[PDB]
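Residue numbers (the deposited numbering), protein chains in the order written: chain C, 340 to 665; chain B, 342 to 665.
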C-alpha cells in the first residue's frame, strides 16, 4: 500500500518507458488510487488509450481499492517571450538563435521543472534564456497557465484546479464555434446552412467571498432560450470578446472558487446540446499571481515545444551597436 | 481481531495494551479497532491520528479501519476486608494501598484483555493474598457503562453483555432546567430553577421486558397530551426529595433477557438544551459474580483515575466477642 510503495512498484515493473510516478488519492473519489505517469518521452501514455494504461491496470497484489492509471494533469505555460540582442554580437541567424534559446528553455524545464511536486519560475527560466549568447542583452515574458480540457461541454464532477492562484477575470478559454440553428445568405450564395459565431468561456471578478461566475458568450437575442433560470448575465464584470458579428449576451454556467482553486461549468445549465458546438477539447488560460507556479498532485509543469509549439512565441529584437571607436 | 491488531500491536506496543477489531452488525462496511492505552484509558487524538496514518503505510484506499477507544465495562466494587490486629504492622492507609495493588495486578493479568472476564471470586483471592494478615474478604459489585450521550441510546442500543436484576439499571443524577424564574435577591433577580433527575428501569413484564423511565418532575414543566402521560407502577426506584416531585415519565425500554437498552428523551418533547450535562453513567447489579466482555467491550480497573468505583471497608480483629 502507500502511494510511495506503489510509485516504486511501477518505477520497476515498467521502469523502462516511464519517467515519473505520482500516486495520489482523490478525496472526492474514494477506493480509487490514482497513478500519474509521465511517458519519459512524449505526453500521454497510450494516447492510443491504454495500450499502456491497461497494462499497469494488470498489476495486482492486495486491497479493496482499485488502481486508475491516468496520464498526468498537465499545467502548460503560454509564454510570450520577447528576447532582445545586439545586431553585431550575433553571427548566425535569428532562426539559428531561436533554436538556441528554446534549447535552453528546455534545459531549464527538464532539469528543474518537469518533475512531480516540483515548480516553475519565470524569473528563473529567463535567466536560462538570457544565457544563450554573448548577446542577448535581456528578455521579457508574459505567461499564462494553460489547462487542456477534454469535453468542453462540462468540467469534471469535482471541478478543475490549477494548483495555483489566478487573478480576477484571468480565466478564459480559446474561442470555438457555436452553430446557431438559424440560416442566412450573402454574396449570391444561398442559405449557407446555419449561422455560426465564435463563442467562449470566461470568468468574472470574484464576489465578496472569493467567487465569480463562469460565463459563456456572446450570443443572439438570440440563439439561447431564456427561462426563470436561464437569463443573460446581469452585468459588466469581465472580459467580452470582439463582436465583429455585433453580438453580446452572455450566460452564467458555473463558477470559480478563487481561494479554493476550483472551476466548474456545465453547458447543460443553459440548454445547449454539444451538437451545437464544433469542438471537443478546449484550452483554459488564466494568468497567475504567482511569480512561482506549483505543480502538485498528479499535476506536472511540462515544456513540449515540438508537440506543443503553440505555447511559445519568441519575438526577437535586434539592437544597434554602441561605441565602436577607441 | 489479531489479523490487523497484532501488527499495530508491534509498531505501538509502547502505548497500546489492548487491540482487537470487530464489525457492527448494522454499521455494515465499517471495521473498528478498539485500543486501550497501556498508559491509562483513552488514546489521545494525536496518538490516534498517528496510528490511523499507518493505514496509508499499508496501502488501502477504501475507507480503512477506524481506530477508537474500547467500550469499557466498569465494576463498582464495594469491598470489605477483615484483618488481624496483631499481624498488621503498618497503617490501615498502607494496607489499603497494598491490596488496591493486588486488585490491579489481577485486572492487568487476567481481566484487562479482550473477551477475557472478571470473576469476583478470583480478585477476592487476590485481595486475601495481599498481606499475610488479611484473614478474609467479601465484596459487592455493580456494572458501570459510561454513556457518551445521555439524551438517546445509540441507534442500536446499549448492552452490558451481562444479565442485570430488576429495577437494577439506574443512571446517576443530572440537572434538568424547568424554565421558570425564582425571583431571589440573594443571587440577583432570577435563577432558572433546575432540579436533579435520573433514568431508572422497572420490573420485567410477562415476557421479559421492562420500561426505561426518567426521574421526577413538577407536572407543569413536562407537557402531557393523551399518550404521553405520567408513568404509574411503583415497580422501580424513586429518589430522595425535598421537593413536591413525583411524576416520572416513560422513554425507551430494557429487554432484560436480550440485555438491550434503548431510550430517547425525545419521546417526551425535551430538547438536549434542557439538561445541563452531556455524559452520564449507567449502573446495574449483575445477576452473577462472573461478568463478561464481547465485541470491543473491555473490563478494566483504573483506580487512580476512577477511584469512585472502589470503596474499601476494613475490619480489625483481635479476640473477639465482636466484628459487627
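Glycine included, every Cβ here is placed at the ideal spot set by N, Cα and C.
Review point. Taking the continuous beta strand (DSSP E) assigned at residue 484(C), which residues delimit it?
Key: Per DSSP, residue 484(C) belongs to the beta strand (DSSP E) from 482 to 488.
Check your understanding: In chain order, what residues of the segment 390 to 408 of chain B put their CB closer than 7 angstroms to some CB of chain C?
Key -> Residues passing the 7 angstroms Cβ filter: 397, 398, 399, 400, 401, 402, 403, 404.
Check your understanding: Pick from 609(B), 450(B), 554(B), 449(B): whose alpha carbon is nearest that of residue 568(B)?
Key -> Comparing Cα positions, the closest option is 609(B).
Exercise for review: Report yes or no: is there a C-beta of chain B within less than 8 angstroms of the C-beta of residue 636(C)?
Suggested key: Contact of residue 636(C) with chain B is not assigned, every C-beta pair being separated by 8 angstroms or more.
Point to revise | Test: residue 411(C) CB closer than 8 angstroms to a CB of chain B | key: It does not; no Cβ of chain B falls within 8 angstroms.
Review point. To which residues does DSSP link residue 372(C) through a beta bridge?
Key: Here residue 372(C) is bridged, per DSSP, to 364(C), 406(C).
Check your understanding: Would you say the segment 634 to 646 of chain B touches the segment 414 to 424 of chain B, given that touching needs at least three Cβ pairs under 8 angstroms?
Key -> As far as the Cβ criterion goes, the segment 634 to 646 of chain B touches the segment 414 to 424 of chain B, which means the pair count is three or higher.
Review point. Hey, is the segment 477 to 493 of chain B in contact with the segment 594 to 612 of chain B, meaning 3+ C-beta pairs nearer than 8 angstroms?
Key: These segments touch.
Exercise for review: Give the DSSP-derived three-state secondary structure of residue 545(B) in the structure shown.
Suggested key: If DSSP states are grouped into helix, strand and coil, residue 545(B) belongs with coil.
Point to revise | Nearest residue (CA-CA) to residue 626(C), options 558(C), 502(C), 360(C) | key: Nearest of 558(C), 502(C), 360(C) to residue 626(C), Cα basis: 502(C).
Check your understanding: Going by the CB atoms, is the gap between residue 530(C) and residue 524(C) shorter than 8 angstroms?
Key -> Note that the C-beta distance between residue 524(C) and residue 530(C) is below 8 angstroms.
Practice item. Go to residue 350(C), then tell me how far its alpha helix (DSSP H) extends in each direction, as first and last residue. Key: In this chain, the alpha helix (DSSP H) harbouring residue 350(C) covers 342 to 352.
Review point. Rounded C-beta distance between residue 395(C) and residue 408(C)? I'm assuming under 8 angstroms.
Key: Right, the Cβ-Cβ distance comes to about 4 angstroms (below 8 angstroms), so this counts as a contact.
Exercise for review: Could you tell me whether the Cβ of residue 347(C) comes closer than 8 angstroms to any Cβ of chain B?
Suggested key: So, not an interface residue.
**Study point:** Reference residue 480(B); option with closest CA among 433(B), 460(B), 487(B)
**Key:** The residue among 433(B), 460(B), 487(B) with its C-alpha nearest the C-alpha of residue 480(B) is 460(B).
Point to revise | Option in 504(B), 424(B), 633(B) with minimal Cα separation from residue 599(B) | key: Comparing Cα positions, the closest option is 504(B).
**Study point:** Runs of alpha helix (DSSP H) wholly within the segment 381 to 468 of chain C (minimum 4 residues, chain order)
**Key:** Listed in chain order, the alpha helix (DSSP H) runs fully inside the segment 381 to 468 of chain C are 433 to 447, counting runs of at least 4 residues.
Point to revise | residue 514(C) - DSSP class collapsed to helix/strand/coil | key: Under the three-state reduction of DSSP output, residue 514(C) falls in the coil class, being neither helix nor strand.
Exercise for review: For residue 372(C), go through chain B and note every residue whose CB falls closer than 7 angstroms to its CB, in chain order.
Suggested key: In chain order, 402 make up the part of chain B whose C-beta sits under 7 angstroms from the C-beta of residue 372(C).
**Study point:** Proximity test, Cβ basis, 8 angstroms: residue 341(C) and chain B
**Key:** Judged by the 8 angstroms Cβ criterion, residue 341(C) is in contact with chain B.
Exercise for review: To the nearest angstrom, report how far apart residue 381(C) and residue 645(C) are at their CA atoms.
Suggested key: The alpha-carbon atoms of residue 381(C) and residue 645(C) are separated by roughly 10 angstroms.
Point to revise | Among 371(C), 449(C), 358(C), 576(C), nearest to residue 341(C) - alpha-carbon criterion | key: Comparing Cα-Cα distances from residue 341(C) to each of 371(C), 449(C), 358(C), 576(C), the minimum goes to 371(C).
Exercise for review: Under 7 angstroms Cβ to Cβ from residue 444(C), same chain only, skipping five residues before and after it: list those, please.
Suggested key: For residue 444(C), the CB contacts under 7 angstroms within the same chain, skipping 5 residues up- and downstream, are 464, 467, 468, 642 in chain order.
Exercise for review: Go ahead and pull the three-state DSSP assignment for residue 559(B).
Suggested key: It is coil, neither helix nor strand.
Check your understanding: If you follow the beta strand (DSSP E) that residue 623(C) is part of, which residue opens it and which one closes it?
Key -> It spans 621 to 625 - the beta strand (DSSP E) in which residue 623(C) sits, taken as one unbroken run.
Exercise for review: Classify residue 359(B) as helix, strand or coil using the three-state DSSP reduction.
Suggested key: Three-state DSSP puts residue 359(B) in a strand.
Check your understanding: In chain order, what residues of the same chain have a beta carbon less than 7 angstroms from the beta carbon of residue 717(C), not counting five sequence neighbours either side?
Key -> Nothing about residue 717(C) can be reported from this structure: the residues present for chain C run from 340 to 665 only.
Practice item. Please confirm if residue 367(C) has its CB atom under 8 angstroms from at least one CB of chain B. Key: No, residue 367(C) lies away from the interface with chain B (no Cβ there is under 8 angstroms from its Cβ).
Exercise for review: Leaving aside the five residues before and after residue 526(B) along the sequence, list all residues of the same chain whose C-beta is less than 8 angstroms from its C-beta, in chain order.
Suggested key: Excluding positions up to five away in sequence, the list is empty.
Review point. Going by Cα to Cα distance, which pick from 437(C), 361(C), 438(C) is closest to residue 406(C)?
Key: Per the Cα distances, 361(C).
Check your understanding: Mapping DSSP to helix, strand and coil, what is residue 615(C)?
Key -> The answer is helix: DSSP assigns residue 615(C) an H, G or I state.
Check your understanding: Smallest Cα separation from residue 358(B): which of 376(B), 422(B), 345(B), 591(B)?
Key -> Proximity to residue 358(B) across 376(B), 422(B), 345(B), 591(B) peaks at 376(B), based on C-alpha coordinates.
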